Amino acid sequence: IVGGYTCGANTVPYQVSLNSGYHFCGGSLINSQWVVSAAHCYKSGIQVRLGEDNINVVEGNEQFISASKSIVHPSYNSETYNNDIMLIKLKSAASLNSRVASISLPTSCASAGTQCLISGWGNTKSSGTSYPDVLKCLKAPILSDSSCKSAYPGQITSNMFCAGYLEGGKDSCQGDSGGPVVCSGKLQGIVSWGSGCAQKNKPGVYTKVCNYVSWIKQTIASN
Ligand SMILES: N=C(N)c1cccc(O[C@H]2CO[C@H]3[C@@H]2OC[C@H]3Oc2cccc(C(=N)N)c2)c1
Ligand SMILES: [Ca+2]
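Per mature numbering (1 follows the signal peptide of the UniProt record, and there is no 0), the sequence shown starts with residue 7, numbered consecutively.
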């Protein structure tokens, strides 16, 4: 997260870290047994880390649970990141508490201009590199589809939306991928892709979760 702020420990209780010996992507807890992330975060050997603030220090509220199954969206296209969504089942149910909590799925898509909360442990610099150990947060509005598609002609599908600031300065970044965009209490986006981080006229691109709620619900109920 570039241009954001330290969230505060466990203030984003649905945020998970995906760990394969190291943090490599975010995710969102949607019930005690399932996490939603980005398909481009797929790998085998995932451990889900819940209750995290400092990902390098055991602070006392963590739950570390191995993934038992990963399900990449059937239509994920790795060249274009169209349908950049994946489900991860936990080998054992998380113990839900005030620091380890699910986020609701949308019942409808969110409209342009709605303010959202984006969070993660990604790079915090727009030139160069600095990775935080505590969770970072950013408030950012959903941008119009026209502004999104103007920034990335040819590359935005109906399964994507842009959020952030055309002036630059404030964006998600490498290492935030797979993490949440929460708007009005609903998981509306997944950190997916962009051009650099926090550059002028190149807002972040997010998987449009409202298009996937039927697939999510049917998939989890059958697995
Ligand atoms: N600035 C950001 N908000 C952001 C967030 C996550 C990742 C990120 O950058 C990485 C760099 O490599 C990946 C992801 O962003 C770009 C590329 O994926 C795509 C996706 C869709 C189309 C194509 C394409 N070039 N045709 C590339 C930045
Ligand atoms: Ca920790």
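The beta carbon of each residue, even a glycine, is placed where N, CA and C say it ideally should be.
| Under a three-way DSSP split, which group does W40 fall into? | strand
| request: Within the same chain, show all residues whose beta-carbon is closer than 7 Å to that of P138, passing over the 5 residues directly before and after it, in chain order. | output: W127, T130
| query | Contact between the region 110-119 and the region 79-98: three or more CB pairs below 8 Å? | reply | no
| query | With burial defined as no fewer than 16 other Cβ atoms inside 10 Å of the residue's Cβ, what is the status of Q194: buried or exposed? | reply | buried
| query | Count the other CB atoms within 10 Å of the CB of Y28; is the residue buried (16 or more) or exposed (fewer)? | reply | exposed
| query | Since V54 contacts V22 with CB under 8 Å, what's their CB separation in whole angstroms? | reply | 5 Å
| message | Give the list of continuous beta strand (DSSP E) stretches no shorter than 3 residues that lie fully inside the region 89-133. | response | 92-96, 121-126
| task | Leaving aside the five residues before and after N217 along the sequence, list all residues of the same chain whose C-beta is less than 6 Å from its C-beta, in chain order. | result | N165
| query | Counting Cβ pairs, one atom from each stretch, are 3 or more of them under 8 Å apart for the region 26-43 and the region 177-192? | reply | yes
| field | Rounded C-alpha distance that separates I61 from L172 | value | 31 Å
| Considering only residues of the same chain and omitting the five flanking positions on each side of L149, which have a CB-CB separation below 8 Å? | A118, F167, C168, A169, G170, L172, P209
| query | Does the region 196-206 come close enough to the region 66-76 that 3 or more CB-CB pairs lie under 8 Å? | reply | no
| What's the call for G57, buried or exposed, on a 16-neighbour Cβ count within 10 Å? | buried
| task | Per DSSP, which residues does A73 bridge with? Please list them. | result | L96
| query | Can you tell which of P19, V106, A204, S50 has the C-alpha that lies nearest to the C-alpha of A146? | reply | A204
| field | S136 beta carbon near ligand 1 (any heavy atom closer than 7 Å) | value | no
| Sequence-distant residues of the same chain with beta carbon closer than 8 Å to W40, five excluded per side | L93, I94, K95, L96, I226
| So what does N83 bridge to, in DSSP terms? | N88
| task | For the beta strand (DSSP E) holding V188, just list the boundary residues, first then last. | result | 186-189
| task | Pick helix, strand or coil for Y11, following the three-state DSSP scheme. | result | strand
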